[PDB]
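Participant: experimental structure and sequence below.
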Amino acid sequence: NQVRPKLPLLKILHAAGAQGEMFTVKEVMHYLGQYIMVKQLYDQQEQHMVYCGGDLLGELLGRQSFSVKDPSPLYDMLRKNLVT
Amino acid sequence: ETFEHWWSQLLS
């Protein structure tokens, strides 16, 4: 019913307005999208493109950028940072 | 599409 994000990810979620430490999958996804939207990490022209270099999100993902259209790297980071 | 459109449909 819920997962616990490891610290690095929990800080990012909190910065997007998340409260607590236990969340559902969709909850994690919601705050993560709000983090990206708020900090405007996506490109204005190609909005599926997210540049995270120089942001803690990029340090956690192990990448300077990713595409929401090919989420594999995103899901790989979540499997490594979410505990059931 | 917009960022919201793409993101809201991850895992769908």
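Facilitator: Happy to help now that I have it. Residues are numbered from 1 along each chain as shown, chains lettered A, B, ... in the order given.

Participant: contact residues of chain A facing chain B?
Facilitator: By C-beta under 8 Å from any C-beta of the partner chain, the residues of chain A that approach chain B are A:25-26, A:29, A:33, A:36-37, A:42, A:47-48, A:68-69, A:71, A:74. C-beta: built from backbone N, CA, C; applies to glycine.

Participant: repeat that for 10 Å
Facilitator: Near chain B, the residues belonging to chain A are A:25-26, A:29-30, A:32-34, A:36-37, A:40-44, A:46-50, A:67-69, A:71, A:74-75 when assessed by C-beta under 10 Å from any C-beta of the partner chain.

Participant: so residue A:4, which state does it fall into?
Facilitator: strand (DSSP: H, G, I helix; E, B strand; the rest coil).

Participant: can you check residue B:10 too?
Facilitator: Of the three states, residue B:10 takes coil under three-state DSSP.

Participant: which residue packs closest to it, ignoring adjacent ones?
Facilitator: The shortest distance from residue B:10 to any non-neighbouring residue, by C-beta to C-beta, 6 or more residues apart in numbering or on different chains, is to residue A:71 (5.6 Å).

Participant: what about the one you found, how many residues nearby?
Facilitator: By the criterion of other C-beta atoms under 10 Å in any protein chain shown, residue A:71 has 17 neighbours.

Participant: repeat that for residue A:1.
Facilitator: Residue A:1 has 6 nearby residues by other C-beta under 10 Å.

Participant: look up how far residue A:23 lies from it.
Facilitator: As judged by C-beta to C-beta, to the nearest Å, residue A:1 and residue A:23 stand 10 Å apart.

Participant: list the contacts of residue 2.
Facilitator: In the absence of a named chain, this looks at chain A. A:20, A:21, A:22, A:23, A:24, A:25, A:27, A:28, A:82, A:84 (C-beta atoms under 10 Å, 6 or more residues apart in numbering or on different chains).

Participant: nope, chain B
Facilitator: Here residue B:2 is in contact with A:37, A:42, A:47, A:48, B:8 (C-beta under 10 Å, 6+ apart).

Participant: run the last query once more with 7 Å
Facilitator: Contact analysis of residue B:2 by C-beta atoms under 7 Å, 6 or more residues apart in numbering or on different chains lists residue A:47.
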